[PDB]
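[1] Model the structure of this input:
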Amino acid sequence: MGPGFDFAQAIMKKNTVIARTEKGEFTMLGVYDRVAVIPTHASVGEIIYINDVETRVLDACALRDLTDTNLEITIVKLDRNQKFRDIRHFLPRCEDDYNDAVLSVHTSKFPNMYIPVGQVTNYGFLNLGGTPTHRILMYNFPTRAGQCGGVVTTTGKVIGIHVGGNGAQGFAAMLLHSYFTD
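    Numbers count the residues shown, from 1 in each chain. Shown next is the protein structure:
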């Protein structure tokens, strides 16, 4: 509908796949080469389904900060025959607050879904499903089951992936450029 939705659509059309684990279907953001991200509560194993194709997992790493606190991001390398467009230049370098973000989801349950969530706060610490979690972004939208792994963007930046909510607020794990130096 406007330039925020334009940037979000461009990311969804080229840099997302539908990932299925034993814990459900998730929006999965491809970042570069065969490297993608998913919430850690997806519990990625040795095999994952990518757009309904059985795919070997070459590596999976559940990220933690240097206080050894959960970040809720798992970086997955996929045994896939095709690379993602490299979008690492759209990742923020530092923890920040943002205006006018869009949360975008693409699954069997929620195809081509886009939500203007408005202002995004650097919330920091969250007890997420009983797990102490750092680098959380917060937005005042009543997000629901089915939206985990959803991509949070502003114009020109990919800032986070949706990892939970409390019925009134939604929460995303930060994406930082430093996670994807190779």
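
[2] and residue 100, what element?
    strand 98-105 (DSSP states H and E).

[3] May I have the secondary structure class of the residue most central in space within the chain?
    The residue lying closest to the centre of the chain (C-alpha atoms, centre = their mean) is residue 161, at 2.5 Å. Using DSSP: H, G, I helix; E, B strand; the rest coil as the criterion, the local structure at residue 161 reads strand.

[4] which residues touch it?
    Shown in contact with residue 161 (C-beta atoms under 8 Å, 6 or more residues apart in numbering): 27, 29, 37-39, 73, 149-152, 172-173, 175. (C-beta placed from N, C-alpha, C; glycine too.)

[5] Tell me what residue 50 is bridged to.
    Beta bridges link residue 50 to residue 19, residue 53 when assigned by DSSP bridges.

[6] Pull out the buried positions in stretch 112-128.
    Neighbour counts over stretch 112-128 (16 or more other C-beta atoms under 10 Å) mark 113, 114, 115, 117, 120, 123, 126, 128 as buried.

[7] The last one is in contact with residue 166, isn't it?
    This means residue 128. No - shown here, residue 128 and residue 166 do not form a contact pair, counting by C-beta atoms under 8 Å, at 10.0 Å.

[8] can you list the domains in the chain?
    Listed by curated CATH domains, the domain ranges of the chain are 1-15+85-182, 16-84.

[9] Quick check: what element follows the strand holding residue 100 along the chain?
    Using DSSP H and E, the helix or strand that follows strand 98-105 in sequence is strand 113-128.

[10] any chance of the buried residues of stretch 112-128 in TSV, with distance to residue 12 too?
    Below are the buried residues of stretch 112-128 laid out as TSV (distance: C-beta to C-beta, whole Å):
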residue	distance to residue 12
113	9
114	8
115	12
117	15
120	18
123	25
126	26
128	25
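
[11] what are the ranges of the helices in this protein?
    Counting by DSSP state H, one finds helices in the chain at the ranges 3-15.

[12] Residue 156 and residue 120, how far apart?
    Distance of residue 156 to residue 120, computed by C-beta to C-beta, to the nearest Å: 14 Å.

[13] do the same with residue 26
    Taken as C-beta to C-beta, the span from residue 26 to residue 120 is 21 Å.

[14] can you check residue 69 too?
    Applying C-beta to C-beta, the value for residue 69 to residue 120 is 20 Å.

[15] now do residue 75
    Distance, residue 75 to residue 120, by C-beta to C-beta: 22 Å.
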